[PDB]
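In structure tokens, the next block holds one chain alone, the form deposited in one PDB entry.
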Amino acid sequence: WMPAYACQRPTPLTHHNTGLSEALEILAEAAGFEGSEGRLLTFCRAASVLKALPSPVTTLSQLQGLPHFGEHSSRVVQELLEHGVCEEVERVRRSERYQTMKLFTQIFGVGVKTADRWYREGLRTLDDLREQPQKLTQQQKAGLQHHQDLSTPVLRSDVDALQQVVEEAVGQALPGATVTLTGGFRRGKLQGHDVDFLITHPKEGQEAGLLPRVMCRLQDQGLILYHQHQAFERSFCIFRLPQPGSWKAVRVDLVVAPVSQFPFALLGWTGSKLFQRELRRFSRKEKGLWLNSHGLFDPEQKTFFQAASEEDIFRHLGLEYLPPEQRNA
């Protein structure tokens, strides 16, 4: 009925169990703030199972036989179904630890480990961080200065203008190179935390050295508020996006892949994050193959699969094809 890996089932962007999945994802996020990747994964997988169901869960017995629902996740759903709230979830939501770890980890340049250290040092607010700026990396200073803009969602309707400026820079850097929108927007999201572009060229090898040339040109056009190099193949930058009478900062990721690897990079960067983790787990644990954003490796034959398309990759792995809009695990 319900397979155990998220890559084995369609997961649409919008579904019939939103409130239940959001509660489980709070517990997932809190598990992550405490360093328990295992508990985070189970809560995320349980949430994702609900996203794949064809109708709302209305009674506890509808969880019977679903994967990733044991005593804990089932108790969470039960309380939500009976009372409209789950005490554990609310306790997490209002905890000082959760709220502060959430605030700090949302800063670009701050991960769970840094946030945790700052929390143990007694820091609680962004103004706390701004008072001692000498303790911040350059990346964190930019994340902190731009935090307000970066906390507002990027709209799908912003994306086309941004893709056009990136295409112009890419075209000058390397005529014939292409720009593909990936990430959540390619899965159909109408808003997202950042924009993801995948760049390649139809002649294998021509893309080598491309990304510094692209970044230089965008920086010369005045469009880059931050990037790490202001050789590489991924750039995590903050872009100047036009707005009425002004502009806002937005996060934009650029990645370059050779065309031979483009299907693997397209698959990886289109996500969702849980979908890719589950796909790589399935590949390795069920098929004996090692998957990443560069390729698919058979460690017995010591050979890489060639792929001309995402469809090829699903077929290699023995999985029914899922379009990007059904990869919202």
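Numbering starts at 1 and runs along the sequence shown. What we label the rigid core is the largest C-alpha set whose atoms superpose within 1.5 Å from one form to the other.
Compared with other PDB entries of the same protein, residue 246 is present in all of those that resolve the residues around it, none of them, let alone a third, dropping it. Compared with other deposited structures of the same protein, residue 221 does not meet the criterion of being unmodelled in at least one third, since all of those that resolve residues on both sides include it.
Going from residue 230 to residue 231, you skip over 10 or more residues of the deposited sequence that the entry leaves unmodelled.
Stretches compared: 28-36, 269-277. Higher mean C-alpha B-factor in the entry: 28-36. Taking the mean C-alpha B-factor of each stretch as recorded, 125-133 and 84-92 are not equal, and the higher mean is that of 125-133.
Of the residues listed, 143, 245, 176, 209, the entry assigns the biggest Cα temperature factor to 245. Which of 161, 255, 237, 101 has the largest Cα B-factor in the deposited entry comes down to 161.
When the modelled residues of the chain are ordered by their C-alpha B factor, residue 60 lands in the highest third.
In the deposited entry, the Cα temperature factor of residue 183 places it in the lowest third of its chain's modelled residues. Ranked by Cα temperature factor within the chain, residue 304 sits in the highest third according to the deposited record. When the modelled residues of the chain are ordered by C-alpha B-factor, residue 70 sits in the highest third. In the deposited entry, the Cα temperature factor of residue 194 sits in the middle third of values across the chain's modelled residues.
Although it is not shown, the form deposited in another entry is what the next lines describe.
Once the core is superposed between this form and the one not shown, every option in 99, 78, 221, 151 stays below 2 Å in C-alpha shift except 221. When the rigid core is held fixed, the Cα atom of residue 198 travels less than 2 angstroms between this form and the one not shown.
Put the two forms on the same core and the Cα of residue 238 is off by less than 2 Å between this form and the one not shown. In the core-superposed comparison between this form and the one not shown, the C-alpha atom of residue 188 has shifted by less than 2 angstroms.
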